Amino acid sequence: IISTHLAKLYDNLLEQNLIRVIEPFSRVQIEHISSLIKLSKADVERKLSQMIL
Amino acid sequence: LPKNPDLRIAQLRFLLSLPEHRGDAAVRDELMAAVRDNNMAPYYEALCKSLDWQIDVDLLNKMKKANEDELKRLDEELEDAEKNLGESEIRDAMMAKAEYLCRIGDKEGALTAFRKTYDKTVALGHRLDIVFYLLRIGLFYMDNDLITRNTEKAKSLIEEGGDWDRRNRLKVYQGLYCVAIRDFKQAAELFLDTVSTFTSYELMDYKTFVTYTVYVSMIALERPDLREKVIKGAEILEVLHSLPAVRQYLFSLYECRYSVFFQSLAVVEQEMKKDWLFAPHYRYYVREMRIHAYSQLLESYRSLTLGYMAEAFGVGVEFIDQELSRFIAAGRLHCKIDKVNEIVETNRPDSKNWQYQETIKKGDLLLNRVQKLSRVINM
Amino acid sequence: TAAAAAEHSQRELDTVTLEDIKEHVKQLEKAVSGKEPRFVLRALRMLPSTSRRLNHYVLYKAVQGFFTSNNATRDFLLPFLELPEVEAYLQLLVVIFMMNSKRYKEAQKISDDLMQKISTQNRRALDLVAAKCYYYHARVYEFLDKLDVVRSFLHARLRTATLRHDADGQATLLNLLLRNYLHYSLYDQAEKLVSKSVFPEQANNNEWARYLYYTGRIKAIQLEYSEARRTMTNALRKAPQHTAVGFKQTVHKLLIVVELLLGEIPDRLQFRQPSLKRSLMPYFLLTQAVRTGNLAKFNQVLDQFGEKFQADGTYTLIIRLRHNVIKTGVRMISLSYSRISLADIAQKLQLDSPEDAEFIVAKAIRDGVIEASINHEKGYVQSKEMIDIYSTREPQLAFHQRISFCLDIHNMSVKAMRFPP
Amino acid sequence: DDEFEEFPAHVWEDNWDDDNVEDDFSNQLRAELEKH
């Protein structure tokens with residue numbers, strides 16, 4: 001009852017951080033986004049693909 | 001409603017009439033148990049003729065005599081009802097007789113008896129019950145003509161006055177027929193409309209119905225509708241807790257986990273080849289789900305390297321190259337391969353370009369019609 | 001008396017048919033007397049129904065009772081049966097009846113009488129029934145299996161019907177003469193005739209169907225596959241819907257062949273159609289074999305169904321097929337690739353060497369069936385850089401064609417608008 | 001209307017790709033995972 005809610009919170013926080021960090025851009029390197037967000041390139045890329053889809 | 005005939009019978013017979021599965025003897029034991037229990041001498045004879053089986057005369061004679069005695073006593077009771085009782089009980093006599101013909105497996109006789117009972121009876125509910133028995137016979141024997149005629153009859157009766165319970169049972173029958181004839185879109189619609197109120201336990205248990213709803217919904221519904229009506233479906237999640245493989249299939253697709261998705265799709269292909277209602281759809285369904293997975297992966301990419309696609313789908317590079325080439329040639333994917341440096345460019349059409357092409361197509365059709373009409377009338 | 005009752009009902013239907021003939025003759029008389037040099041097309045629309053419903057006793061009684069104006073030409077009909085327009089229409093019905101009876105000798109004699117009568121009577125409103133008579137003359141000589149004097153006779157009639165600025169007769173005669181040429185495979189003659197003749201821009205939609213079919217056949221055998229394909233697609237669109245099954249089958253067969261030659265894959269709806277499945281099954285096998293790209297299955301299909309291929313006539317096309325079968329392979333490859341290498345093309349097409357694959361693809365570029373580029377420095381065939389085709393003049397050109405077509409339709413309709421007083 | 005008598009004469013919307021003959025997808029994927 002708490003793990004699911006915290007997972008939802010984490011996903012929403014990741015989405016907000018990606019939106020914030022990507023706003024000042026028009027063509028970014030996924031490596032640079034990962035560096036700015038403090039996550040792994042694969043995970044940030046998967047989240048980006050999910051958001052785009 | 002009653003199981004008449006138990007469609008599990010047809011399931012077993014079809015599953016038996018398949019290579020690499022003949023004479024496993026578990027299917028044969030189950031089918032013989034049911035046939036002996038319900039004294040299906042005529043269906044037993046038909047099965048022997050079809051599968052070239054060693055006919056057991058000792059038990060076949062017993063089944064024949066039991067069926068003959070049952071038929072004679074039912075007919076005698078019917079004649080007694082005619083001679084003494086009125087229409088209200090003569091109808092019940094004929095109805096029970098026809099039910100017994102269906103139970104034994106006398107197809108044509110059962111249809112004739114049910115036509116007579118339908119002609120005699122005036123009660124709307126009993127008319128619906130007769131039509132539903134005809135629809136179940138039609139599903140059992142996969143006679144598309146009878147199935148569609150009786151579906152239209154049931155719809156006409158419902159319009160002429162029906163009730164919610166028969167409406168839902170007819171919806172489940174329509175969905176089953178659509179699954180049979182490869183109309184997965186309408187099958188998805190009907191199954192999802194009747195998922196929360198499944199009452200037709202004579203066709204299949206709720207778990208099998210939910211598996212069918214999941215499969216058909218996955219192949220027919222876009223991602224948003226799928227999330228709203230399957231991934232967020234209370235009565236589907238409740239059963240998918242009991243069903244751990246169907247859940248893995250559906251959620252592997254939804255959560256963009258593609259290696260697990262192909263694993264689940266392979267197991268689904270095997271299950272649904274074994275199945276009797278989906279049997280002439282397993283190749284098409286697997287192909288369409290593979291195309292859906294590929295389009296879903298490419299929906300969020302402008303240039304996807306074949307190595308990444310192969311790693312994501314848990315396959316080789318030759319496999320993905322061949323599949324992508326086949327589907328692009330068939331026109332099912334918006335992507336162009338580039339093999340010298342393996343990359344899959346994504347040539348999706350812009351909104352305005354797609355609108356222009358649609359305008360050209362629709363205008364060509366309408367202009368052909370206008371030209372034909374003008375040349376018909378100007379002379 | 002079951003036989004007497006059946007005869008009574010048949011004669012009642014016969015009286016109804018005589019009433020219909022009377023109405024058609026009244027329409028013809030209204031046409032000749034009043035303006036609108038037309039309404040003979042109304043009289044003739046029911047011609048297939050009249051021909052189907054004609055009977056020996058009906059025509060015998062009709063010949064006995066009619067032709068009362070003058071002349072004793074009734075002796076050219078009565079032994080065979082045991083005004084300006086009415087004679088022509090009734091005589092057309094009579095010759096059609098002899099056709100239905102298969103008595104080709106008297107059919108041809110009376111048809112030649114029709115042709116002498118039309119030559120004698122140079123009338124314009126009659127020219128439509130004249131065109132139908134010419135059509136049936138070609139049919140009778142076809143059944144007689146001569147079709148030799150037919151060429152010259154219909155050709156002179158075409159000269160007459162084009163010197164007189166007719167459209168219906170022009171189209172009918174041109175179609176009949178094209179069929180005469182094809183029957184003996186005089187494809188060079190037909191090509192010259194088509195090149196030097198102008199098909200009337202306002203002719204019956206069925207004449208358009210036939211002419212488009214024949215022109216497409218000429219082009220296909222002449223190695224203009226795109227032209228033949230578009231022409232026959234137009235023919236199929238023009239052909240009737242709930243009839244003309246044989247014409248539709250022939251067009252479908254040769255258009256399937258021509259598209260396979262172009263390197264495309266015909267739609268499966270064709271073969272699935274109820275009226276065409278049985279006839280097109282050999283071509284269904286052919287299409288399956290070519291799509292699979294297997295010479296062995298192609299050859300076995302050809303050997304199995306050569307007979308139907310003699311009956312239709314495609315062998316030259318069915319070997320140009322093999323050519324465009326390798327072409328189909330390369331076209332699919334270029335359709336589902338952007339930078340594939342020559343070695344990869346060769347391997348996928350099962351060709352012998354990248355050299356051979358290079359030759360095949362370069363020639364495909366030449367023919368414009370894949371419409372790409374190539375580069376043998378690194379040995380890879382590049383495709384044209386696809387451009388956003390909406391910021392260019394192609395949408396303008398397409399919309400211009402469609403706009404001009406719609407304007408022309410409106411002008412034609414507002415012209416055809418008539419007020420009879 | 002006119003008839004061109006002068007020329008002698010699965011409920012499904014099936015597709016060309018359905019006629020292909022290849023191994024079951026389960027077998028294909030099994031071999032793929034086996035060799036990779």
# chains A, B, ... in the order shown; residues from 1 in each chain; ligands from 1

call {"tool": "interface_residues", "arguments": {"of": "chain A", "to": "chain B", "cutoff": "7 Å", "atoms": "only C-alpha atoms", "output": "JSON list (two decimals) with N, CA, C and O atoms, in the first residue's frame"}}
result
[["chain", "number", "residue", "atom", "x", "y", "z"],
["A", 49, "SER", "N", 11.32, 7.50, -23.94],
["A", 49, "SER", "CA", 10.54, 6.79, -24.95],
["A", 49, "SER", "C", 9.10, 6.60, -24.49],
["A", 49, "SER", "O", 8.17, 6.78, -25.28],
["A", 52, "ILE", "N", 7.31, 9.97, -24.74],
["A", 52, "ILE", "CA", 7.03, 10.31, -26.13],
["A", 52, "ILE", "C", 5.88, 9.47, -26.67],
["A", 52, "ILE", "O", 4.98, 9.98, -27.34],
["A", 53, "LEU", "N", 5.89, 8.17, -26.37],
["A", 53, "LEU", "CA", 4.82, 7.29, -26.84],
["A", 53, "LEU", "C", 3.48, 7.69, -26.26],
["A", 53, "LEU", "O", 2.46, 7.67, -26.96]]

call {"tool": "residues_around", "arguments": {"residues": "residue 4 in chain D", "least_positions_apart": "3", "cutoff": "12 Å", "atoms": "only C-alpha atoms", "output": "number ranges by chain"}}
result
C: 48, 135, 139, 206-207, 209-210, 239-250; D: 1, 7-9

call {"tool": "write_last_selection", "arguments": {"atoms": "N, CA, C and O atoms", "output": "PDB file, in the first residue's frame"}}
result
ATOM      1  N   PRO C  48     -31.270  -6.052 -74.433  1.00  0.00           N
ATOM      2  CA  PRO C  48     -30.903  -7.375 -73.902  1.00  0.00           C
ATOM      3  C   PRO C  48     -32.086  -8.128 -73.319  1.00  0.00           C
ATOM      4  O   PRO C  48     -32.218  -9.340 -73.538  1.00  0.00           O
ATOM      5  N   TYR C 135     -22.679  -4.178 -84.622  1.00  0.00           N
ATOM      6  CA  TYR C 135     -22.201  -5.038 -83.546  1.00  0.00           C
ATOM      7  C   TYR C 135     -22.701  -6.465 -83.738  1.00  0.00           C
ATOM      8  O   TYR C 135     -21.929  -7.429 -83.656  1.00  0.00           O
ATOM      9  N   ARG C 139     -20.895 -10.059 -84.501  1.00  0.00           N
ATOM     10  CA  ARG C 139     -21.157 -11.250 -83.698  1.00  0.00           C
ATOM     11  C   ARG C 139     -21.550 -12.447 -84.565  1.00  0.00           C
ATOM     12  O   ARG C 139     -21.077 -13.568 -84.339  1.00  0.00           O
ATOM     13  N   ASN C 206     -19.851   1.642 -71.982  1.00  0.00           N
ATOM     14  CA  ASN C 206     -19.461   0.281 -72.335  1.00  0.00           C
ATOM     15  C   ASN C 206     -18.474   0.273 -73.497  1.00  0.00           C
ATOM     16  O   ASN C 206     -17.544  -0.544 -73.529  1.00  0.00           O
ATOM     17  N   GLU C 207     -18.661   1.171 -74.464  1.00  0.00           N
ATOM     18  CA  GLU C 207     -17.667   1.320 -75.519  1.00  0.00           C
ATOM     19  C   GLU C 207     -16.336   1.781 -74.946  1.00  0.00           C
ATOM     20  O   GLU C 207     -15.275   1.329 -75.387  1.00  0.00           O
ATOM     21  N   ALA C 209     -15.313   0.977 -71.955  1.00  0.00           N
ATOM     22  CA  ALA C 209     -14.767  -0.216 -71.318  1.00  0.00           C
ATOM     23  C   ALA C 209     -14.045  -1.089 -72.336  1.00  0.00           C
ATOM     24  O   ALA C 209     -12.886  -1.474 -72.137  1.00  0.00           O
ATOM     25  N   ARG C 210     -14.714  -1.393 -73.449  1.00  0.00           N
ATOM     26  CA  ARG C 210     -14.113  -2.267 -74.455  1.00  0.00           C
ATOM     27  C   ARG C 210     -12.860  -1.640 -75.055  1.00  0.00           C
ATOM     28  O   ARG C 210     -11.826  -2.304 -75.200  1.00  0.00           O
ATOM     29  N   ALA C 239     -16.480  -0.678 -66.415  1.00  0.00           N
ATOM     30  CA  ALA C 239     -17.317  -1.823 -66.736  1.00  0.00           C
ATOM     31  C   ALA C 239     -18.507  -1.905 -65.779  1.00  0.00           C
ATOM     32  O   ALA C 239     -18.433  -1.432 -64.642  1.00  0.00           O
ATOM     33  N   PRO C 240     -19.614  -2.509 -66.210  1.00  0.00           N
ATOM     34  CA  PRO C 240     -20.792  -2.608 -65.339  1.00  0.00           C
ATOM     35  C   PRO C 240     -20.480  -3.371 -64.061  1.00  0.00           C
ATOM     36  O   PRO C 240     -19.443  -4.022 -63.920  1.00  0.00           O
ATOM     37  N   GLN C 241     -21.411  -3.287 -63.110  1.00  0.00           N
ATOM     38  CA  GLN C 241     -21.190  -3.858 -61.785  1.00  0.00           C
ATOM     39  C   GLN C 241     -21.752  -5.273 -61.659  1.00  0.00           C
ATOM     40  O   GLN C 241     -21.000  -6.227 -61.443  1.00  0.00           O
ATOM     41  N   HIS C 242     -23.066  -5.423 -61.787  1.00  0.00           N
ATOM     42  CA  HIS C 242     -23.716  -6.726 -61.622  1.00  0.00           C
ATOM     43  C   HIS C 242     -23.941  -7.416 -62.961  1.00  0.00           C
ATOM     44  O   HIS C 242     -25.023  -7.931 -63.233  1.00  0.00           O
ATOM     45  N   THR C 243     -22.914  -7.455 -63.807  1.00  0.00           N
ATOM     46  CA  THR C 243     -23.002  -8.141 -65.091  1.00  0.00           C
ATOM     47  C   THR C 243     -21.643  -8.137 -65.778  1.00  0.00           C
ATOM     48  O   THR C 243     -20.646  -7.708 -65.190  1.00  0.00           O
ATOM     49  N   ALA C 244     -21.590  -8.617 -67.020  1.00  0.00           N
ATOM     50  CA  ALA C 244     -20.354  -8.612 -67.798  1.00  0.00           C
ATOM     51  C   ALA C 244     -19.266  -9.418 -67.099  1.00  0.00           C
ATOM     52  O   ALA C 244     -18.102  -9.014 -67.047  1.00  0.00           O
ATOM     53  N   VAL C 245     -19.650 -10.570 -66.550  1.00  0.00           N
ATOM     54  CA  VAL C 245     -18.712 -11.366 -65.767  1.00  0.00           C
ATOM     55  C   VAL C 245     -17.534 -11.805 -66.626  1.00  0.00           C
ATOM     56  O   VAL C 245     -16.387 -11.804 -66.172  1.00  0.00           O
ATOM     57  N   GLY C 246     -17.794 -12.201 -67.872  1.00  0.00           N
ATOM     58  CA  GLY C 246     -16.705 -12.632 -68.735  1.00  0.00           C
ATOM     59  C   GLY C 246     -15.726 -11.515 -69.042  1.00  0.00           C
ATOM     60  O   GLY C 246     -14.507 -11.711 -69.002  1.00  0.00           O
ATOM     61  N   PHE C 247     -16.246 -10.328 -69.359  1.00  0.00           N
ATOM     62  CA  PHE C 247     -15.380  -9.183 -69.608  1.00  0.00           C
ATOM     63  C   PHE C 247     -14.557  -8.849 -68.373  1.00  0.00           C
ATOM     64  O   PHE C 247     -13.349  -8.588 -68.469  1.00  0.00           O
ATOM     65  N   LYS C 248     -15.195  -8.856 -67.202  1.00  0.00           N
ATOM     66  CA  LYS C 248     -14.472  -8.588 -65.967  1.00  0.00           C
ATOM     67  C   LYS C 248     -13.383  -9.624 -65.737  1.00  0.00           C
ATOM     68  O   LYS C 248     -12.273  -9.282 -65.323  1.00  0.00           O
ATOM     69  N   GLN C 249     -13.683 -10.899 -65.990  1.00  0.00           N
ATOM     70  CA  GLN C 249     -12.685 -11.943 -65.788  1.00  0.00           C
ATOM     71  C   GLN C 249     -11.494 -11.751 -66.713  1.00  0.00           C
ATOM     72  O   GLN C 249     -10.342 -11.883 -66.286  1.00  0.00           O
ATOM     73  N   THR C 250     -11.749 -11.450 -67.985  1.00  0.00           N
ATOM     74  CA  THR C 250     -10.644 -11.250 -68.919  1.00  0.00           C
ATOM     75  C   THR C 250      -9.790 -10.060 -68.498  1.00  0.00           C
ATOM     76  O   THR C 250      -8.549 -10.132 -68.493  1.00  0.00           O
TER      77      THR C 250
ATOM     78  N   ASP D   1     -29.001  -3.586 -67.782  1.00  0.00           N
ATOM     79  CA  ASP D   1     -28.226  -2.769 -68.708  1.00  0.00           C
ATOM     80  C   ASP D   1     -27.610  -3.647 -69.792  1.00  0.00           C
ATOM     81  O   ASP D   1     -28.058  -4.769 -70.019  1.00  0.00           O
ATOM     82  N   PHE D   7     -17.973 -11.440 -74.585  1.00  0.00           N
ATOM     83  CA  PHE D   7     -16.924 -12.132 -73.850  1.00  0.00           C
ATOM     84  C   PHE D   7     -17.530 -13.321 -73.124  1.00  0.00           C
ATOM     85  O   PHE D   7     -18.389 -13.118 -72.252  1.00  0.00           O
ATOM     86  N   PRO D   8     -17.143 -14.560 -73.431  1.00  0.00           N
ATOM     87  CA  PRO D   8     -17.717 -15.701 -72.706  1.00  0.00           C
ATOM     88  C   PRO D   8     -17.383 -15.645 -71.224  1.00  0.00           C
ATOM     89  O   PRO D   8     -16.272 -15.284 -70.829  1.00  0.00           O
ATOM     90  N   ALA D   9     -18.356 -16.023 -70.401  1.00  0.00           N
ATOM     91  CA  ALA D   9     -18.181 -16.029 -68.953  1.00  0.00           C
ATOM     92  C   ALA D   9     -17.766 -17.414 -68.468  1.00  0.00           C
ATOM     93  O   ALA D   9     -16.650 -17.605 -67.983  1.00  0.00           O
TER      94      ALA D   9
END

call {"tool": "closest_atom_pairs", "arguments": {"of": "chain B", "to": "chain D", "cutoff": "10 Å", "atoms": "only C-alpha atoms", "output": "CSV"}}
result
residue,atom,partner,partner_atom,distance
B:144,CA,D:11,CA,8.9
B:181,CA,D:11,CA,6.9
B:182,CA,D:12,CA,7.2
B:183,CA,D:12,CA,8.7
B:262,CA,D:29,CA,7.8
B:263,CA,D:29,CA,7.9
B:264,CA,D:26,CA,9.7
B:265,CA,D:26,CA,8.1
B:266,CA,D:26,CA,4.5
B:267,CA,D:26,CA,7.1
B:268,CA,D:26,CA,9.1
B:269,CA,D:26,CA,7.0
B:270,CA,D:26,CA,7.2
B:281,CA,D:18,CA,9.9
B:282,CA,D:24,CA,9.4
B:283,CA,D:18,CA,7.4
B:284,CA,D:18,CA,6.5
B:286,CA,D:25,CA,7.4
B:287,CA,D:18,CA,8.7
B:290,CA,D:25,CA,9.8
B:314,CA,D:33,CA,7.3
B:315,CA,D:32,CA,5.8
B:316,CA,D:32,CA,6.4
B:317,CA,D:32,CA,9.8
B:318,CA,D:32,CA,9.6
B:319,CA,D:32,CA,7.7
B:326,CA,D:17,CA,8.8
B:327,CA,D:17,CA,8.9
B:330,CA,D:17,CA,7.2

call {"tool": "write_last_selection", "arguments": {"atoms": "N, CA, C and O atoms", "output": "tab-separated table (two decimals), in the first residue's frame"}}
result
chain	number	residue	atom	x	y	z
B	144	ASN	N	-21.43	-21.34	-40.33
B	144	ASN	CA	-21.52	-19.89	-40.30
B	144	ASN	C	-22.89	-19.41	-40.75
B	144	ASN	O	-23.42	-18.43	-40.21
B	181	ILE	N	-14.71	-15.64	-36.75
B	181	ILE	CA	-14.59	-15.16	-38.11
B	181	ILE	C	-13.54	-14.06	-38.24
B	181	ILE	O	-13.47	-13.39	-39.28
B	182	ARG	N	-12.72	-13.84	-37.21
B	182	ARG	CA	-11.62	-12.89	-37.29
B	182	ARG	C	-12.12	-11.45	-37.44
B	182	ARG	O	-11.72	-10.72	-38.34
B	183	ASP	N	-12.99	-11.05	-36.52
B	183	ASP	CA	-13.46	-9.67	-36.43
B	183	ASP	C	-13.06	-9.11	-35.07
B	183	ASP	O	-13.89	-8.60	-34.32
B	262	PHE	N	7.71	-10.89	-26.41
B	262	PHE	CA	7.82	-11.97	-27.40
B	262	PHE	C	7.74	-13.33	-26.74
B	262	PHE	O	7.17	-14.27	-27.30
B	263	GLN	N	8.33	-13.49	-25.55
B	263	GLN	CA	8.16	-14.76	-24.85
B	263	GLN	C	6.68	-15.06	-24.62
B	263	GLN	O	6.19	-16.15	-24.95
B	264	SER	N	5.96	-14.08	-24.09
B	264	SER	CA	4.54	-14.26	-23.82
B	264	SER	C	3.75	-14.47	-25.11
B	264	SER	O	2.77	-15.22	-25.12
B	265	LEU	N	4.17	-13.83	-26.20
B	265	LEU	CA	3.47	-14.01	-27.47
B	265	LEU	C	3.71	-15.39	-28.04
B	265	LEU	O	2.81	-15.96	-28.67
B	266	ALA	N	4.90	-15.96	-27.86
B	266	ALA	CA	5.13	-17.33	-28.28
B	266	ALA	C	4.26	-18.30	-27.50
B	266	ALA	O	3.63	-19.20	-28.08
B	267	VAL	N	4.19	-18.13	-26.18
B	267	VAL	CA	3.35	-19.03	-25.40
B	267	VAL	C	1.88	-18.83	-25.78
B	267	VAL	O	1.10	-19.80	-25.82
B	268	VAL	N	1.48	-17.59	-26.07
B	268	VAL	CA	0.11	-17.33	-26.51
B	268	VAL	C	-0.15	-18.01	-27.84
B	268	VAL	O	-1.24	-18.56	-28.07
B	269	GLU	N	0.82	-17.97	-28.75
B	269	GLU	CA	0.65	-18.63	-30.04
B	269	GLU	C	0.41	-20.12	-29.84
B	269	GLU	O	-0.46	-20.70	-30.49
B	270	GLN	N	1.19	-20.75	-28.97
B	270	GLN	CA	0.99	-22.18	-28.73
B	270	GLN	C	-0.39	-22.44	-28.13
B	270	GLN	O	-1.15	-23.29	-28.63
B	281	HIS	N	-6.55	-18.61	-36.60
B	281	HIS	CA	-6.15	-17.22	-36.46
B	281	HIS	C	-4.80	-17.06	-35.79
B	281	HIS	O	-4.41	-15.92	-35.50
B	282	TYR	N	-4.07	-18.13	-35.50
B	282	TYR	CA	-2.87	-17.97	-34.69
B	282	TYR	C	-1.75	-17.31	-35.48
B	282	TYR	O	-1.06	-16.43	-34.97
B	283	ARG	N	-1.58	-17.69	-36.75
B	283	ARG	CA	-0.56	-17.05	-37.57
B	283	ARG	C	-0.86	-15.56	-37.74
B	283	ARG	O	0.02	-14.71	-37.54
B	284	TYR	N	-2.10	-15.23	-38.08
B	284	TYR	CA	-2.48	-13.84	-38.28
B	284	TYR	C	-2.34	-13.04	-36.99
B	284	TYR	O	-1.85	-11.90	-37.01
B	286	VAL	N	-0.40	-13.65	-34.33
B	286	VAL	CA	1.00	-13.46	-33.99
B	286	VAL	C	1.62	-12.40	-34.88
B	286	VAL	O	2.37	-11.53	-34.42
B	287	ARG	N	1.32	-12.45	-36.18
B	287	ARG	CA	1.86	-11.46	-37.10
B	287	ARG	C	1.41	-10.05	-36.72
B	287	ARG	O	2.21	-9.11	-36.70
B	290	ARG	N	3.12	-8.88	-33.52
B	290	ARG	CA	4.49	-8.49	-33.81
B	290	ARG	C	4.55	-7.13	-34.47
B	290	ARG	O	5.38	-6.29	-34.12
B	314	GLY	N	15.08	-8.97	-27.58
B	314	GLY	CA	15.68	-10.24	-27.18
B	314	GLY	C	15.81	-11.22	-28.33
B	314	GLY	O	15.51	-12.40	-28.17
B	315	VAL	N	16.25	-10.74	-29.49
B	315	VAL	CA	16.47	-11.57	-30.66
B	315	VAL	C	17.78	-11.15	-31.30
B	315	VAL	O	18.49	-10.28	-30.80
B	316	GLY	N	18.12	-11.78	-32.42
B	316	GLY	CA	19.30	-11.42	-33.17
B	316	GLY	C	19.06	-10.21	-34.06
B	316	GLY	O	17.99	-9.60	-34.06
B	317	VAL	N	20.08	-9.86	-34.82
B	317	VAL	CA	19.97	-8.75	-35.76
B	317	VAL	C	19.39	-9.22	-37.09
B	317	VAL	O	18.60	-8.50	-37.71
B	318	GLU	N	19.76	-10.41	-37.55
B	318	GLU	CA	19.16	-10.95	-38.77
B	318	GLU	C	17.66	-11.13	-38.62
B	318	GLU	O	16.89	-10.85	-39.54
B	319	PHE	N	17.22	-11.62	-37.46
B	319	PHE	CA	15.79	-11.81	-37.22
B	319	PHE	C	15.03	-10.49	-37.35
B	319	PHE	O	14.03	-10.41	-38.07
B	326	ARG	N	10.15	-7.59	-44.13
B	326	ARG	CA	8.89	-8.19	-44.55
B	326	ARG	C	7.72	-7.25	-44.30
B	326	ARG	O	6.88	-7.03	-45.18
B	327	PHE	N	7.66	-6.66	-43.11
B	327	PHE	CA	6.50	-5.83	-42.78
B	327	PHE	C	6.54	-4.49	-43.50
B	327	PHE	O	5.49	-3.96	-43.87
B	330	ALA	N	5.33	-5.30	-46.95
B	330	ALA	CA	3.88	-5.44	-46.88
B	330	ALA	C	3.18	-4.12	-46.59
B	330	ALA	O	1.96	-4.05	-46.74

call {"tool": "select_by_dssp", "arguments": {"residues": "chain A", "states": "helix (DSSP H, G or I)", "output": "number ranges by chain"}}
result
A: 3-22, 30-37, 41-52

call {"tool": "decode", "arguments": {"residues": "range 189-225 of chain B", "atoms": "C-alpha atoms", "output": "mmCIF file, in the first residue's frame"}}
result
data_model
loop_
_atom_site.group_PDB
_atom_site.id
_atom_site.type_symbol
_atom_site.label_atom_id
_atom_site.label_comp_id
_atom_site.auth_asym_id
_atom_site.auth_seq_id
_atom_site.Cartn_x
_atom_site.Cartn_y
_atom_site.Cartn_z
ATOM 1 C CA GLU B 189 -16.053 -4.287 -28.183
ATOM 2 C CA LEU B 190 -18.557 -6.983 -27.205
ATOM 3 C CA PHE B 191 -16.217 -8.765 -24.800
ATOM 4 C CA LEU B 192 -15.288 -5.576 -22.964
ATOM 5 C CA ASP B 193 -18.927 -4.485 -22.827
ATOM 6 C CA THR B 194 -19.902 -7.840 -21.278
ATOM 7 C CA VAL B 195 -16.797 -8.518 -19.164
ATOM 8 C CA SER B 196 -18.199 -7.137 -15.908
ATOM 9 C CA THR B 197 -21.426 -9.179 -16.242
ATOM 10 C CA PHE B 198 -20.365 -12.501 -17.731
ATOM 11 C CA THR B 199 -23.197 -14.971 -17.139
ATOM 12 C CA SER B 200 -22.793 -17.429 -20.044
ATOM 13 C CA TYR B 201 -20.928 -20.129 -18.147
ATOM 14 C CA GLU B 202 -22.180 -22.760 -20.610
ATOM 15 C CA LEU B 203 -19.712 -21.596 -23.278
ATOM 16 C CA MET B 204 -16.574 -21.128 -21.184
ATOM 17 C CA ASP B 205 -15.500 -20.318 -17.657
ATOM 18 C CA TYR B 206 -14.887 -16.719 -16.645
ATOM 19 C CA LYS B 207 -11.120 -17.272 -16.750
ATOM 20 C CA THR B 208 -11.207 -18.424 -20.377
ATOM 21 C CA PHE B 209 -13.542 -15.570 -21.269
ATOM 22 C CA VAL B 210 -11.153 -13.092 -19.649
ATOM 23 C CA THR B 211 -8.198 -14.557 -21.532
ATOM 24 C CA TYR B 212 -10.150 -14.134 -24.767
ATOM 25 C CA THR B 213 -11.034 -10.555 -23.836
ATOM 26 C CA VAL B 214 -7.388 -9.775 -23.078
ATOM 27 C CA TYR B 215 -6.122 -11.291 -26.329
ATOM 28 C CA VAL B 216 -8.751 -9.654 -28.527
ATOM 29 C CA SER B 217 -8.391 -6.310 -26.742
ATOM 30 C CA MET B 218 -4.619 -6.358 -27.182
ATOM 31 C CA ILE B 219 -4.933 -7.034 -30.904
ATOM 32 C CA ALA B 220 -7.812 -4.581 -31.497
ATOM 33 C CA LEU B 221 -7.380 -1.623 -29.114
ATOM 34 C CA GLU B 222 -4.962 1.283 -29.313
ATOM 35 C CA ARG B 223 -2.683 2.057 -26.376
ATOM 36 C CA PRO B 224 -4.972 4.658 -24.722
ATOM 37 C CA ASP B 225 -8.110 2.524 -24.890
#
